[PDB]
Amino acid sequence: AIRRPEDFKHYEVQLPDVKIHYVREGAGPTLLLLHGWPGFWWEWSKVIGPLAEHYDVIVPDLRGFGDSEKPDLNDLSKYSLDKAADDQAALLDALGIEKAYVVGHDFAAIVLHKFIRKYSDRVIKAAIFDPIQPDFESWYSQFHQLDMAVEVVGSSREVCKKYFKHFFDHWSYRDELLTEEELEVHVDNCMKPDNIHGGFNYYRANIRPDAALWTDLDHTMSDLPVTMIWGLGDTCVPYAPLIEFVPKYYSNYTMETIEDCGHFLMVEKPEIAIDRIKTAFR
């Protein structure tokens, strides 16, 4: 089951705006896999290998996450999802890739929504995985606004581990998402300098009342074939609004719920993730 971080081929590029760390492997049309919160590129570890047999898989850490650069922690303009979408275009440019299949998970589903519109000519087909977090202005989005939260959650591995374990588990259909080993890999990443704060900044910069999460361009319609897939979750029914609003911004799409699966499709149901992607992206 586990394929540790060191077991992949790593890279780091200086983009005009930020330094991005990514993992890459495989051959064929390019496949950009984008993570969300909590986590980093590694959440895709179970699915990279299999997908690499048919695609040139690229899995970067979003700015503010993993080994990617954590811009000025006090400058929230550098933590907007708009910047993360620009970073994807910049990455493809640096790697001389004209078009790519893109898969956005959680926060990255928003990045993808932005990207397919701002860089429509750079995407072949896209897929959105679990764009909505379970308990939503949520208690944690508010908690993440506090510096006290950064100071507490990052006070020790013990604490950091308990905190993130809650989200991994609570947001999953089954009782425990990760093995002790896998959870430890996430704690290793979380404890890296500025990673706790960098992740919380995504809430501070984008999930706020006065925060402008959507642009004029985001309101436009997309004919691009998009594949929406999310798990029934630990419960059911907060995805109702999405189901109603999607047709207002997407003309070419599909939706699917995965029974007995939570927020981390690529983690809880690897096989399903791989299957859905292989069928849609061809």
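For every residue, the number given is its place in the sequence shown, counted from 1.
- Counting the unmodelled positions of the deposited sequence between residue 136 and residue 137 gives a long gap of 10 or more residues.
- Looking at 201 to 209 and 83 to 91 together, the entry lists the larger mean B-factor for 201 to 209, computed on C-alpha atoms.
- The deposited model assigns a higher average Cα B-factor to 96 to 104 than to the other stretch when 192 to 200 and 96 to 104 are compared.
- When the C-alpha B-factors of 62, 255, 47, 32 are read from the PDB record, the largest value belongs to 255.
- When the C-alpha B-factors of 20, 23, 272, 267 are read from the PDB record, the largest value belongs to 272.
- In the PDB entry, a CA B factor belonging to the highest third of its chain's modelled residues is recorded for residue 174.
- In the deposited entry, the Cα temperature factor of residue 15 sits in the middle third of values across the chain's modelled residues.
- For residue 234, the recorded CA B-factor ranks within the highest third of the chain. Only modelled residues enter the ranking.
- Sorting the modelled residues of the chain by their CA temperature factor places residue 247 in the highest third.
- The deposited CA B-factor of residue 122 belongs to the middle third of values across its chain.
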